[PDB]
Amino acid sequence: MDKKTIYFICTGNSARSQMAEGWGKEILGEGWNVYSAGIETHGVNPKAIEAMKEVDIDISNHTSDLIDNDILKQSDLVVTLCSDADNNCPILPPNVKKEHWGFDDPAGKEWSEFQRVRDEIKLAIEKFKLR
């Protein structure tokens, strides 16, 4: 049937959302459109690219994108990764199917933190697929 769409959103579409897009494409498959966006665009975090390369997933061609209203309104599920009280978190429109998936921000930390968060996101998406 028709493709379903998942949208991972956060502050700068930099790390958590990029690793989620990378895992999402691999796990969910071609029957899903797997996108990611931010309220700002900070570029794809180098350590996030390296963390995904370690698990044989290439995210070097990903782009850091801004939130698109036509993808929010037409998505089957919008997943917020930006911590609700943290700083600069995106405002979501009403009736849009949403869930908050909380993972620690690996920004400015050692590569091990990117590995930890990468793996927490892996399991979250794997379990999501099996719902």
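Quick note: we count residues from 1 along the sequence shown, nothing fancier.
On average the C-alpha atoms of 92-100 have higher B-factors than those of the other stretch, with 92-100 and 61-69 being the two compared. For the pair 80-88 and 50-58, the mean Cα B-factor is higher in 80-88. Out of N33, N45, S75, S36, it is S75 whose C-alpha atom has the highest B-factor in the PDB entry. Sort the chain's modelled residues by C-alpha temperature factor and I125 lands in the lowest third, per the entry.
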